[PDB]
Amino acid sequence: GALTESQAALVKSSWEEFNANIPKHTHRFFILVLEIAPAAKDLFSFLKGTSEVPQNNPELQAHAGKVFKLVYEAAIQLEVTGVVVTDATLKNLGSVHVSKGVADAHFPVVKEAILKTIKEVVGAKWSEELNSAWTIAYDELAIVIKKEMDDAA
């Protein structure tokens, strides 16, 4: 696919639709995560000691929303420029993931949870052309964070 002017216009459009409801899309996102792998729960300070995923936890919201923002920006940056660029932030991201005890085999958990989440968010507009475009953008961004973890470990 590469990222045509038309495929990029499709991810933008679809991220806008996600941000449009953070407390919902974020709590959805944590549940799809815990469906795909329940053990993951002891990772999160705000989920530990709990029984269910808190639904108005500020810490939870603020953190999951940052995740999706970062995938979208990665997709424009691929249509424009042709690539995803590794900055200070991505590098600190990788430190924190290591302290919390996160590994690589964790990443398809969070990708499926995200493709599924965007499938749910765009509904009938969904096209092959679009799945292809978020897949490209997540894969290309994961490639970069993993890189930074490995580096913090």
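For every residue, the number given is its place in the sequence shown, counted from 1. The term rigid core refers to the most C-alpha atoms you can superpose between the two forms while keeping them within 1.5 Å.
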Report task. Would you mind working out which of 27 to 35 and 44 to 52 sits farther from this form in 8 other deposited structures of this protein by RMS C-alpha distance, with the rigid core as the fit? Result -> 44 to 52
Report summary line: The stretch carrying the higher mean Cα B factor in the deposited entry, 92 to 100 or 107 to 115, is 92 to 100
Report summary line: Of 80 to 88 and 25 to 33, the stretch with the higher mean C-alpha B-factor in the deposited entry is 80 to 88
Query raised in the report: Out of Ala39, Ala62, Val122, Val67, which residue has the highest Cα temperature factor in the PDB record?
Result: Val67
Query raised in the report: Ranked by Cα temperature factor within the chain, is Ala142 in the lowest third, the middle third or the highest third?
Result: middle
Requested in this report: Could you tell me which third, lowest, middle or highest, the C-alpha B-factor of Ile136 occupies within its chain?
Outcome: lowest
